[PDB]
Every structure is written in structure tokens, then in C-alpha cells.
Amino acid sequence: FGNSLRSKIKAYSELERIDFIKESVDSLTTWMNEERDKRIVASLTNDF
Amino acid sequence: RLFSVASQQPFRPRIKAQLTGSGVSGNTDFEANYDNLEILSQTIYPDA
Amino acid sequence: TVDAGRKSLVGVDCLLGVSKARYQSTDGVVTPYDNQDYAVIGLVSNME
Amino acid sequence: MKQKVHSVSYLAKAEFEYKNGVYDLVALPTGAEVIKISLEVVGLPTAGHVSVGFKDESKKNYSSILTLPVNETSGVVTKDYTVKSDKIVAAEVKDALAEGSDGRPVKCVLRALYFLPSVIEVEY
Amino acid sequence: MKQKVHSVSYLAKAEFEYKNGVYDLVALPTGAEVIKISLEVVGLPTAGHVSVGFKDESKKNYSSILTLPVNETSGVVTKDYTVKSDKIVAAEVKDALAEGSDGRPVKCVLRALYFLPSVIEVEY
Amino acid sequence: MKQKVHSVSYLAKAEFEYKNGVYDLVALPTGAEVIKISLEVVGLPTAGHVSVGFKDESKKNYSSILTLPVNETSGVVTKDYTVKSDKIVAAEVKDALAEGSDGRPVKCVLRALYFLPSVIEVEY
């Protein structure tokens, strides 16, 4: 499983002051962590 | 213009036309509007 | 280089196997462990 | 067998809340190949018409291409369009009051599938 | 003029052999933009109906959206759909016997053109 | 939920000038997933029919799939097609004289939206 993010044109990225590589890496690490944890919880709380 | 063709074979000079196509504006992908590089040719045949 | 080099794409992917421990008998004989969650008991309550 | 084809296609989806007014739903580029326009009414209207059509970015060039009364609640344009300076898909509702028979507000969804003016050469 | 549009589109084609049963034809993601569903009957049926509709991956949430009797042998859904947990396009044939009038088995083909939930921003 | 879908789609647009003859409008590959054929008449014809259909690259395998008289000036094929050796979309006009009622020549535009035979695997 995974995600991805696509940026805007580099001119806009440097114009609205987003460093898309770093922000995307951080936010996707976050999303991945909650995805693994939800996997664990969903398997754990499956049929009892 | 005297063409330096010494092979006396029928010659064909080519020219590259100016791009008259609109581009893409802002975040829009290049793919949304590709331009067409047009080449124009003319052939010169000998006469005896 | 997703548009032509203008934009970018940051993707994150994980391959992971997760399962609630539930051991099946390697033969036909009945053991108190067969279709039973190894170490899990459910607790259900009206949330509000 | 060799030709030039449009290889890039977009879908634009826009909602408005079905009461009198004019809404600018979809923006199209010059040379866009509009191949599907679909309008949908989510809810139970009691009275009114929705007219979708084309208009300029600025000037008052509105002209309905699909009219929807209350009853059928869904429609699709019967015609295909190449965008020639009419770069706004717009929708107007001239008659409409509050939701009616439901208590929940009535929605209208417009989906526009169009191909970009760019072409590429392919032989089969 | 600036908007977000769906730039990714897929077509799923699936065949079944037109006799009583339920078939899970097309799988759709959440947020998919289903813009065309078409059903076709290849052959000469003698008796029966085909109902295509939406149902859950697991639970029994079937609801017909297009019904086809024997005669017309082709149909298209009149409505457009955003996938909200009903992630199976399914087709059921309640009445059908052997091919009939042909000796060669009767086919049904379903084509689903849908746009992926992903969006991109474009200004024209 | 896992399937194979066609992820590549093209639109071919071709014009002809609406007088008697046969025109080879769109070329399709084997296995192409033809999902929309639309024909449009730009102008005011006075007499004649346009028949669009499929034919071979070489041999005389023409068979009309959509016939358009003068009055309605627009049409769409009601059926979906997988290209099996009939790799030419063609249009013939058997009856037609000069423009009529306008002084400006009558155009016909055919747009063919089709999906390429390539497939990819996706699970949702």
C-alpha cells in the first residue's frame, strides 16, 4: 500500500513558498504510520 | 543563392517555421497544449 | 520530471504482513486452540 | 493508416444548489474537444428549469444548449462541441424556490468530459 | 478561470454468458467518477432480463440501475455516478434458458468508463 | 477487488464536406475499444443522407452503423464496438447537391473516442 503527492509547477512552488519535497516526505511518513497502525487495529479487532 | 550541391541531383532545401501556437498558462500541464514544429521544403530540378 | 521536469511526484509504499494470531491445527485433531484467537478477548460497549 | 488524435482528456465536476441565478461551472480552453456534458439533479425539486449552455469569459454570450424541467432530473447534451471562444460552460436556474417535499436542499451536479486541443501523430 | 479536474480515466470491459445468476463485472475505487455504463447483448436471446446495478464488495447491497429485456439488446445508463462505498458494478440475469434460435451461446458485454478520484489543478 | 482496465484513450476528429462519396474518417487498431462515435452536420443541408459505418483497410467491407437524414443534423451510435479487423470508420453520402439555403458549404464532423487495446492491472 502507498500514496503519492504531485506538486504544482516549480514556479508556483517557489512563489507560494512550499518546499514540496520535504513537506511531502514528512506528511507521507505520517500517513504511512497511521496506515500501519490502522492495519494492526483492524486485524486485531476483526472477528472475535 | 548558388547551392554548393555538386552532385547535380535534385536538391531540397528546408526551412523551419515560426511557432504560432498558444502555450499553456499557469499550472496547466504542457500536455494540455503541445505545439507542432513545422518544416517546409522545396525541391529544385535541373534543366538541360 | 513528471510534467517535463516542472512538477514532481513523491510516493511512499510499504509491503507488510499483519495478522491476528489464530493457529489452525496441522491435522484433523481437535485442540482448544484451532479456530480461536490466540491472545485476544473482545470487549464491547455502547459508545454513547 | 496514419492520423492525429487528442491524447489528453479531463473531467470537470461542479455542484450548484439549484436556485435562481447563473453559475459558471466549467472552464474550457480554446480548441478543447468537448465530448460529454451531463447534468444531474440530486433531490426532489418542485418547480423550475435548469438551462446549461455556453458563454464568454466576460461578455454576455449565454445560449442554452440543454434544458431540464423538474421531472426527469437528469440530462446529457446531444451534440459535440469544439471550443471556439465560448470558454465557459454555464448553468442558469430561472425558476426555483426552497427545496420542496424533502426539507433538504436540492443539488445539481455538472460533469464535463473534454479533450485538450493538443494532438499527437499515430499510425496503426 | 481555474479549476480542478480528473485527468485519469479507465475503461473496464467484462463478458458474461447470459444465464441466471449474479456476476461482479467492474470494480471501482472510492471517489471514482463513473461517466458511462453500457451493456450489450451479443446473440439472439429468447426470454429473460438483465439488470445491472451497484453492490458492496461483501454485503448484499444490490440495486438495479439499468434493466434490459430481450428485444432491444443494448442499453446505457441514463445517470452519472460518484462511487460512494458501492464499489461493485454487478449484473444479474433472473430469467434465461439456453441460447435459443441460434445454437450458439448468448453473450453479454459490459463496458464501464470511469474517471479516477485523483484531481489536478488547471487554469485556462 | 482486482481487474484489468484500458488506461489509454484517444479522440479522433475528422471533417468532410458533405457531398456524394466515401470518406475514411478514423483509423482504429485491432483490439481498440470504441466507446463513442458522434457525427455532426455544420450547416443547413437540403437533401441527402450520411451513413457512417465500418470497413476494411483494403477490401469492400462497408456496413452502415448510423444513418443521418437531413433534419436532425446530429447523431451518436447507440452501440459499443471492439475493433476486429474492421479498422476503418468510414462515412458515405449518397445523395447531396450544393450547400442549399445558405450559400456556404455544408460540413460534417465525426468524433471517435476509443480506448487502446492495452490493459493494466488495478485493485481497489
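All chains are identified by letter, namely A, B, C, D, E and F, in their written order; residue positions are counted from 1 within each chain.
Convention: a residue touches a chain if its C-beta (ideal position, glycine included) is under 8 Å from a C-beta of that chain, and two chains touch if they have at least 3 such contacts.
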Just to be sure I understand the contacts, which chains border both chain F and chain B? D, E
Where are there more C-beta contacts: A-C or B-C? A-C
Please compute the C-alpha centroid of chain A, do the same for chain F, then give the distance between them in whole Å. 45
Measuring from the mean C-alpha position of chain B to the mean C-alpha position of chain D, what distance in angstrom results? 40
For chain C versus chain F, what separation do you get between their C-alpha means, in angstrom? 51
Which chain D residues reach two or more other chains? 7-9, 29, 36
Where chain C touches two or more other chains at once, by residue number: 3, 6
Chain pairs that touch, all of them, please. A-B, A-C, B-C, B-D, B-E, D-E, D-F, E-F
For chain E, which residues count as touching chain B in their complex? 2, 120-124
Can you list the chain C residues touching chain A in their complex? 2-3, 6-14, 16, 18-20, 37, 40-42
Would you mind writing out the residues of chain E in touch with chain F in their complex? 8-14, 26-30, 36, 38, 40, 57, 74, 76, 87-88, 109, 111, 113
Per the contact definition, I'd like the list of chain B residues that touch chain C in the complex. 29-31
Where on chain E does chain D make contact in their complex? 1-7, 9, 33, 35-36, 78-80, 82, 115, 122-124
